[PDB]
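Undergrad: A structural model of the following input is requested.
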Amino acid sequence: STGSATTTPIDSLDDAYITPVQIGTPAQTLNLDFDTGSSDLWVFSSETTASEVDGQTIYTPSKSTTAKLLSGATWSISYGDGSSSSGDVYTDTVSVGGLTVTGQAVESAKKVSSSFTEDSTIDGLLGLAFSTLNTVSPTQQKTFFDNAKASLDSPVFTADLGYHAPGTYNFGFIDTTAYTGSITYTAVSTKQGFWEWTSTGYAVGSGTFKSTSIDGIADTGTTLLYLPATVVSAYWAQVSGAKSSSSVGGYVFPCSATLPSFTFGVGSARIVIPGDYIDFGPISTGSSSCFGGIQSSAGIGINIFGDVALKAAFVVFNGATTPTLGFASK
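TA: Residues are numbered from 1 along each chain as shown. Here you go, the structure:
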């Protein structure tokens, strides 16, 4: 089997992408944030504290004839950005772009962090990291991809995120028309539960490539590119007027400035992030100071290849027995 669904940015800055997901019988369609940095499928629901719902579409298990309470099961998660949520668990039918999993754990939110309430366009998350990170207790649950894997024509999914435009998630096949050149594959460590790999280095604009190992995660659920402070400093040094602002919480720059591209290495191959992708606009409405899309990972504890980097490539998440990652230009 295969599936294919369009993913759409939630706003003009590509802060995140939402993908429609059918849950239950009859189908309830929710717009979920596909997150390769986590492993819970959780949704706003009829069970969510009313004061914590503000515009989101909810899942109502009682209206689904295929929903079954997973008795005794609870879940609770906190994300790298200080967000969180918690609740109970049903199993139900979940379909993504034509691909159907029966018995998928659907985690029903009883409580969500303010940040989720405040984002009316995201109805929940669909985690695509490794199932070892799943928070359901006492019995850990599998991700949508893990459940679908054996049925898929090939045990892969691909992320093809757009710049200021929609993109595509595919399951079970590689669309050879979606990228240029070849796909370079690189090794993955699952030891932290992430799609963790090692970039071979970077260049800033037309600068010479610096060969150096950068360990990080491919995370569709994170907006920006977070890299070591040395790297980030080398980038912003090439932008006139840029500075790191503690009050703002990162590098900012005047929008009159031209942003250089940023190249990262995948084995011997090279992915170029155009400068325009690194502009995240005014820090506040009307400000002349713009927020940068490349920021320091210092004190995150891990480097994150977020949407800023991934949207510059066609990315293969290969769930073969030994997982790997593939990157192609497009």
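Undergrad: alpha carbons only for contacts and neighbour counts from here, please
TA: Fine.
Undergrad: Enumerate every residue touching residue 122.
TA: 10, 18, 31, 32, 33, 56, 116 (CA atoms under 8 Å, 6 or more residues apart in numbering).
Undergrad: Show me those that map onto helices.
TA: Mapping the contacts of residue 122 onto helices (DSSP state H) picks out residue 116.
Undergrad: Can you tell me which of the contacts of residue 122 has the most neighbours?
TA: Among the contacts of residue 122, the one with the most neighbours (other CA atoms under 10 Å) is residue 33, at 27 neighbours.
Undergrad: is it true that that one touches residue 126?
TA: Yes. Shown here, residue 33 and residue 126 form a contact pair, counting by CA atoms under 8 Å, at 5.9 Å.
Undergrad: Just the element for residue 217, please.
TA: Using DSSP states H and E, residue 217 sits within strand 210-218.
Undergrad: quick one: strands adjacent to that strand?
TA: Its sheet considered, strand 210-218 pairs with strand 196-204 (antiparallel), strand 303-305 (parallel) by DSSP bridges.
Undergrad: Start and end of stretch 186-193, how far apart?
TA: For stretch 186-193, the first and last residues are 17 Å from each other (CA to CA, to the nearest Å).
Undergrad: re earlier: JSON lines please, covering the contacts of residue 122 and showing distance to residue 174.
TA: Output for these, formatted as JSON lines (distance: CA to CA, whole Å):
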{"residue": "10", "distance to residue 174": "25"}
{"residue": "18", "distance to residue 174": "21"}
{"residue": "31", "distance to residue 174": "24"}
{"residue": "32", "distance to residue 174": "22"}
{"residue": "33", "distance to residue 174": "21"}
{"residue": "56", "distance to residue 174": "32"}
{"residue": "116", "distance to residue 174": "32"}
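Undergrad: check contacts around the residue nearest the centre of the chain.
TA: The centre of the chain sits closest to residue 220, judged by CA atoms, centre = their mean, with a distance of 1.8 Å. By CA under 8 Å, 6+ apart, the contact list for residue 220 reads 34, 35, 36, 37, 306, 307, 310.
Undergrad: next one: residue 62
TA: Residue 62 neighbours (CA under 8 Å, 6+ apart): none.
Undergrad: That one and residue 19: what is the separation?
TA: For residue 62, the distance to residue 19 equals 23 Å [CA to CA].
Undergrad: How about residue 314?
TA: Distance of residue 314 to residue 19, given as CA to CA: 17 Å.
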